[PDB]
Amino acid sequence: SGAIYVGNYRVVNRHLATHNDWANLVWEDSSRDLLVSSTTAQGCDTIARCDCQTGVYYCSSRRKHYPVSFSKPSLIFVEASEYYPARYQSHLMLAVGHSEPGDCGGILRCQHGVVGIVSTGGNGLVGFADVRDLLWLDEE
Ligand SMILES: CSC[C@@H]1C[C@@H]1C(=O)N1CCC[C@H](C(N)=O)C1
Ligand SMILES: [Zn+2]
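Numbering (the deposited numbering), first residue to last: 7 to 146.
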């Protein structure tokens, strides 16, 4: 579990969004596993606006932050699960690391700010849904 809080926005994995998120919806994209809802109070996370390929992510299943190298956001095949059929997920970045069910929502950060959140796992890999292209998160 986990979310990004920027301005009056809450960014969460679409497959983990609560009833309250759907009742206060801003934007969602199933192909990216992202959902953004509106918040009453201002958030303080800064979104990275960069092309960094090294950062640090939080892994709840180990209670540890790990330094990782990760790929550029790409269309990657993700195996069928209880939340989606087998499909290509867009804007996804992979790293070698631990990720189990329960780790989605962990933040990946570089020197510029938040890069994205854990969205996939297994086979000794961890996948992060990028948010650096969502420039509107910084305004209105
Ligand atoms: C971090 S949960 C890891 C277990 C292996 C499972 C995994 O990768 N997915 C299950 C949850 C939905 C994900 C998606 N974004 O399509 C895919
Ligand atoms: Zn960066």
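Heads up, the beta-carbon is just placed ideally off N, CA and C, and yes, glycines get one too.
Exercise. Leaving out five residues on either side along the sequence, give the residues of the same chain with a beta carbon under 7 Å from the beta carbon of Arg-55.
Key: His-118 and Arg-138
Quiz item: Mind checking whether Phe-76 and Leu-100 have CB atoms under 8 Å apart?
Solution: yes
Practice problem: For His-25, count neighbouring Cβ atoms within 10 angstroms of its own Cβ and tell me buried if that reaches 16, exposed if not. | Solution: exposed
Practice problem: Tell me the start and end of each unbroken beta strand (DSSP E) in the segment 83-141 that is at least 3 residues and wholly inside, in chain order. | Solution: 93-102, 113-116, 119-126 and 131-136
Self-check item: Whole-number beta carbon distance between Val-124 and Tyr-63, since they are thought to touch under 8 Å
Solution: 7 Å
Quiz item: Is the distance from the Cβ of residue 177 to the Cβ of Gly-112 below 8 Å?
Solution: A question about residue 177 goes unanswered here, because the residues of the chain that appear run from 7 up to 146.
Quiz item: In chain order, what residues of the same chain have a beta carbon less than 6 Å from the beta carbon of residue 6, not counting five sequence neighbours either side?
Solution: Past the edges of the chain, shown from 7 to 146, lies residue 6, and the structure says nothing about it.
Practice problem: May I have the straight-line CA-CA distance separating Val-17 from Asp-136, to the nearest angstrom? | Solution: 11 Å
Quiz prompt | Buried versus exposed call for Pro-79 [16 or more other C-beta atoms within 10 Å across all chains shown] | solution = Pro-79 is classed as buried because its beta carbon has at least 16 other beta carbons within 10 Å across all chains shown.
Practice problem: Taking only the alpha-carbon atoms, compute the straight-line gap between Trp-28 and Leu-141 and give it to the nearest angstrom. | Solution: 22 Å
Quiz prompt | Closest residue to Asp-35 among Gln-59, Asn-19 and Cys-50 (Cα-Cα distance) | solution = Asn-19
Quiz prompt | Where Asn-14 sits in the DSSP three-state scheme | solution = Note: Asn-14 maps to strand in three-state DSSP.
Quiz item: By a C-beta neighbour count over all protein chains shown, 10 Å radius and 16 as the cutoff for buried, is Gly-61 buried or exposed?
Solution: buried
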